[PDB]
């Protein structure tokens, strides 16, 4: 009888939807269809403790920036996603962290930094050490993922739940 409202945020095209669809439906989307805001649910067992995960897949497009206050108010944990092949998305993810903490009026709040598209090994603009450094700056953990090859997809969501449980 436990549930978590998880929210996937980050800049446009970094793979928020591809990660979420791989997690929910176990298939990889090739087309890039920009999201306004989509919702999904999954029943999981994390550390032998069952939990329903209600996932909000949000807009990376600035056009829909005004919807952030609403979803940031109600989110219980956030996956901060950037693409390792897009340095702009890497430099911009801190803006999402700042807005979450401003809406929560808190110095810390459950989050994890995800460097997606790690399968694009020959196209990287951000090294693994750079992502780990940014995570330390933001006081969160770092995980690299690939929606394409389904690397660390379930793990990213499970780990966010673990972080949320430690904040309680």
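Numbering follows the first chain given and starts at 1.
Colleague: Can you tell me which stretch has the higher mean Cα B-factor, 108-116 or 122-130?
Modeller: In the deposited entry, the stretch with the higher C-alpha B-factor mean is 122-130.
Colleague: Of 95-103 and 62-70, which one has the bigger average CA B-factor?
Modeller: Result of the comparison: 62-70.
Colleague: I'd like to know which of 54, 37, 31, 47 has the highest C-alpha temperature factor in the PDB entry.
Modeller: Among 54, 37, 31, 47, the highest C-alpha B-factor in the entry belongs to 31.
Colleague: Could you tell me which third, lowest, middle or highest, the C-alpha B-factor of residue 149 occupies within its chain?
Modeller: As the PDB entry reports it, the C-alpha B-factor of residue 149 lands in the highest third of its chain.
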